[PDB]
Amino acid sequence: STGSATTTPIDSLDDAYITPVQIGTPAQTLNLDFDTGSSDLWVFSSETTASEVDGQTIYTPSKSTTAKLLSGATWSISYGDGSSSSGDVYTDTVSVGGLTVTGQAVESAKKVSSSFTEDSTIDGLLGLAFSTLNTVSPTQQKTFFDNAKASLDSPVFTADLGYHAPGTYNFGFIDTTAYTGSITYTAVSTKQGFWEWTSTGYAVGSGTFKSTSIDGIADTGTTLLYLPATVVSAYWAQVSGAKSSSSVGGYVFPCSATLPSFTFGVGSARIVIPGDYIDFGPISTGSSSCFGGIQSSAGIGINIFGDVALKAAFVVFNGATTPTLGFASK
């Protein structure tokens with residue numbers, strides 16, 4: 001089996017991407033944030049506190065003939081950005097881009113934090129990290145990919161995120177027309193539950209490549225690129241007027257600037273993030289100060305290759321017995 005679904009930026013800044021997901025029978029289609037940095041599939045639902053729903057599409061298990069309450073199971077999650085949600089659990093039929101899993105744990109939200117309520121475009125999350133991070137208690141549940149794996153033509157999924165444009169998530173196959181050159185594969189540690197890998201270094205603009213090991217996670221659910229303070233300082237030093245603003249919460253730069261590219265290493269290969277990908281627009285409406293897309297991971301505790309980086313590549317999440325990551329230019 002395979003699946004293929006289009007993923008679409010939620011706004012003009014690519015703050016996140018939504019992908020339609022069919023849940024239940026008859027299908028209820030919700031637009032989910034596919035997140036390779038977490039492992040829970042959770043949804044706004046008919047059970048969500050009414051004041052905490054503001055425009056999202058909800059899952060109503062009572063209207064699905066294949067929904068079954070997973071007796072006694074609850075879930076509760078906190079994300080890196082301080083957001084959170086919690087609730088109970090159903091199993092139901094879930095399909096992505098034509099790929100169907102029966103008996104998928106669908107985590108129904110009773111409560112969501114304000115940042116979720118305030119984002120009308122995201123109806124929930126579909127986690128694609130390792131199932132060891134799944135928060136369902138007392139019986140941990142498997143991710144959609146983990147459930148689909150054995151049925152797939154190849155035990156892989158791919159992320160092809162667009163810059164200010166739709167992209168694609170594929171399950172079970174590698175579209176060899178979706179990238180240029182070759183895919184370079186690199187080792188993964190699953191020890192923390194993430195798609196964790198080691199970049200071989202970086203370059204700023206047309207500068208020389210610095211060979212240096214940068215451990216981090218490939219995380220489609222994080223908007224920006226979070227790297228060590230040394231690396232980030234070296235980047236913003238090349239933008240006149242750029243500075244780190246504690247009041248704003250990271251590096252800002254004059255909106256009149258032309259941003260240099262940023263290159264990261266994958267083995268001997270190189271992925272180039274164009275400067276425009278690093279612009280996240282005015283800090284507030286009408287401001288001439290713009291927020292940077294490369295920020296310090298100091299105080300996060302881990303480096304994060306978020307959408308800013310991943311959207312510059314065709315990325316293979318290889319779920320073989322020994323998982324690996326592949327990156328190609330496109």
Side-chain angles (χ1 to χ4, degrees), residues 2 4 7 17 34-37 128-130 145 152-163 165 167-190 192-222 224-228 231 234-235 260-275 277-278 293-294 297 302-330:
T2 65
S4 181
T7 191
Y17 299 77
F34 283 23
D35 180 16
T36 61
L128 296 166
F130 292 88
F145 176 56
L152 296 175
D153 291 357
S154 185
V156 305
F157 68 90
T158 65
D160 178 12
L161 303 179
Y163 168 67
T168 304
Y169 282 101
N170 287 333
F171 291 83
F173 73 105
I174 289 158
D175 184 351
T176 60
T177 71
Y179 58 89
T180 65
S182 299
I183 308 179
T184 295
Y185 288 88
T186 194
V188 161
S189 173
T190 64
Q192 295 187 68
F194 300 121
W195 293 92
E196 191 174 357
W197 65 291
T198 301
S199 172
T200 47
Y202 70 98
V204 177
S206 62
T208 59
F209 188 82
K210 175 72 169 183
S211 294
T212 184
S213 293
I214 304 168
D215 306 335
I217 66 170
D219 184 1
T220 57
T222 293
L224 306 187
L225 177 50
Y226 292 90
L227 293 172
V231 177
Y235 180 79
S261 63
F262 183 90
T263 300
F264 64 93
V266 180
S268 53
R270 307 291 180 250
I271 301 298
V272 181
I273 304 169
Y277 287 28
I278 299 161
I294 294 178
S297 68
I302 195 165
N303 301 306
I304 305 174
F305 292 90
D307 298 335
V308 165
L310 304 180
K311 80 178 79 169
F314 177 86
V315 188
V316 181
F317 294 80
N318 170 23
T321 302
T322 298
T324 64
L325 274 172
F327 290 87
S329 290
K330 70 188 178 188

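Quick note: residue numbers are just sequence positions, from 1. Computation of the quantities below employed the complete heavy-atom set of this structure, encompassing side-chain atoms and omitting hydrogens, waters and symmetry-equivalent molecules.
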For this session: Among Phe194, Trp195, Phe317, find the one that has a ring pair (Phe, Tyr, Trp, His ring centres under 6.0 Å) with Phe130.
Result: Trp195
Problem set entry | Side chains of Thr2 and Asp153, donor plus acceptor under 3.5 Å |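 There is no such pair (donor and acceptor under 3.5 Å, judged by atom type) between the side chains of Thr2 and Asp153.
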Seminar exercise, completed: In short, side chain to side chain donor-acceptor pair (under 3.5 Å) pairs touching residues 313-324 with sequence neighbours left out are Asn318-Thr324
Of all heavy-atom pairs between [X] and [Y], which one has the smallest distance, and what is that distance?
{"X": "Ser213", "Y": "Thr198", "value": "CB-CG2, 3.6 Å"}
{"X": "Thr36", "Y": "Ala129", "value": "O-CB, 3.2 Å"}
{"X": "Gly162", "Y": "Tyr17", "value": "O-OH, 2.7 Å"}
{"X": "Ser199", "Y": "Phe264", "value": "OG-CB, 4.0 Å"}
{"X": "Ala269", "Y": "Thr184", "value": "CB-OG1, 3.3 Å"}
{"X": "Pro323", "Y": "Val188", "value": "O-CB, 3.5 Å"}

How long is the span from the [atom1] atom in [X] to the [atom2] atom in [Y], to the nearest 0.5 Å?
{"X": "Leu225", "Y": "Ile304", "atom1": "CG", "atom2": "CD1", "result": "9.5 Å"}
{"X": "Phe209", "Y": "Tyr202", "atom1": "CZ", "atom2": "OH", "result": "9.5 Å"}
{"X": "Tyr226", "Y": "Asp219", "atom1": "OH", "atom2": "CG", "result": "10.0 Å"}
{"X": "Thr7", "Y": "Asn170", "atom1": "OG1", "atom2": "CG", "result": "11.5 Å"}
{"X": "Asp307", "Y": "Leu161", "atom1": "CG", "atom2": "CG", "result": "5.5 Å"}
{"X": "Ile217", "Y": "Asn303", "atom1": "CD1", "atom2": "CG", "result": "9.5 Å"}

For this session: List the steps and the verdict of side-chain contact (heavy atoms from CB on, under 4.5 Å) for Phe327 and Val315.
Result: CA-CA 5 Å; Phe327 290 87; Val315 188; 3.9 Å; yes
Just by distance, do the side chain of [X] and the backbone of [Y] share a donor-acceptor pair under 3.5 Å?
{"X": "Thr200", "Y": "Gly267", "result": "yes"}
{"X": "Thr220", "Y": "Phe34", "result": "yes"}
{"X": "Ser261", "Y": "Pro274", "result": "no"}
{"X": "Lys330", "Y": "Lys311", "result": "yes"}

For residues [X] and [Y], determine if any side-chain heavy atom of one lies less than 4.5 Å from a side-chain heavy atom of the other.
{"X": "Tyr185", "Y": "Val266", "result": "no"}
{"X": "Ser329", "Y": "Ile271", "result": "yes"}
{"X": "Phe262", "Y": "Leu227", "result": "yes"}
{"X": "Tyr179", "Y": "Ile174", "result": "yes"}

Problem set entry | Enclosure of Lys210 NZ (heavy-atom neighbours >12, cutoff 6.0 Å) |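 12 or below, so no.
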